[PDB]
Amino acid sequence: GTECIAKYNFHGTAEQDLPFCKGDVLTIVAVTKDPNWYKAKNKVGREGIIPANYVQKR
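The record names X-ray crystallography as the way this model was obtained, at a resolution of 2.5 Å.

What follows is the structure in structure tokens.
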């Protein structure tokens, strides 16, 4: 997985979203049908969909 850093706070929008905080380090675990959304995983192991825009590659 490729690590990312959250640029902003994200409160989910739907059941499948992965909420996170600015500064958080996430690992993109998969790409989705939509280019603006990725599936990632956080520190404690939770997974969900996040916006490609709120996150900074490496």
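According to the stated counting rule, one finds four aromatic pairs in the structure shown. Relative to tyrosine 54, the ring of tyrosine 8 lies with its centre 5.1 Å away and its plane at 80 degrees, an arrangement referred to as edge-to-face. Residue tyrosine 8 is located in the loop between β1 (2–6) and β2 (25–31), and its partner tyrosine 54 is located in the loop between β4 (47–51) and β5 (55–57); the two are separated by 46 residues in the primary sequence. Residue classification places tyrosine 54 among the partly exposed residues on the basis of a relative accessible area of 29%. Judged by centre distance (5.6 Å) and plane angle (85 degrees), the ring pair of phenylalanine 10 and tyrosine 54 falls under edge-to-face. Of the two residues, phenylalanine 10 is situated in the loop between β1 and β2 and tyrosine 54 in the loop between β4 and β5; the sequence distance between them amounts to 44 residues. Through successive ring pairs, a cluster of aromatic residues spans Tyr8, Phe10, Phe20, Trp37 and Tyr54.

Next up on the list: the environment of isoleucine 50. Here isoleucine 50 shows up in strand β4. For the pair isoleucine 50 and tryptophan 37, spaced 13 residues apart in the sequence, the C-alpha separation amounts to 5.5 Å. Apart from the residues lying within four places of it in its own chain, the contact partners of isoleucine 50 are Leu18, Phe20, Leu26, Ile28, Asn36, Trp37, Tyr38, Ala40 and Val55.

Here the focus is the pattern of salt bridges. This structure, assessed with the given rule, holds two salt bridges. Measuring nitrogen to oxygen at the nearest pair gives 3.1 Å for the salt bridge that ties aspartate 24 to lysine 43. Here the residue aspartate 24 occupies a position in the loop between β1 and β2, and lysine 43 occupies one in the loop between β3 (37–41) and β4, the gap between them amounting to 19 residues. One salt bridge in this structure joins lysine 39 and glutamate 47, with 3.2 Å as the shortest N-O distance. Residue class for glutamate 47 comes out partly exposed when judged on its relative accessible area of 37%.

The next thing to look at is the nonpolar core. Residues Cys4, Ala6, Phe10, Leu18, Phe20, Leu26, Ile28, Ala40, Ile50 and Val55 constitute the largest nonpolar core, which totals 10 residues. Apart from the residues lying within four places of it in its own chain, the contact partners of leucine 18 are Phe10, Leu26, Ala40, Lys41, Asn42, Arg46, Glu47, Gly48, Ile49 and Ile50.

Criteria and cut-off values
Residues numbered from 1 in each chain as written, not as in the entry; some residues may be left out. Heavy atoms only, no water. Residues with missing side-chain atoms left out of burial classes, pairs and counts. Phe/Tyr/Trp six-rings, centres within 6.5 Å; stacked < 30°, edge-to-face > 60°. Helix = DSSP H or I, 4+ residues; strand = E, 2+ residues; numbered from the N terminus. Buried < 20%, exposed > 50% of the residue type's maximum accessible area, 1.4 Å probe, protein only. Contact = heavy atoms within 4.5 Å. Salt bridge = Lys/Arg side-chain N within 4 Å of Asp/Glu carboxyl O. Core = buried A, V, L, I, M, F, W, Y, C linked by side-chain atoms within 4.5 Å.

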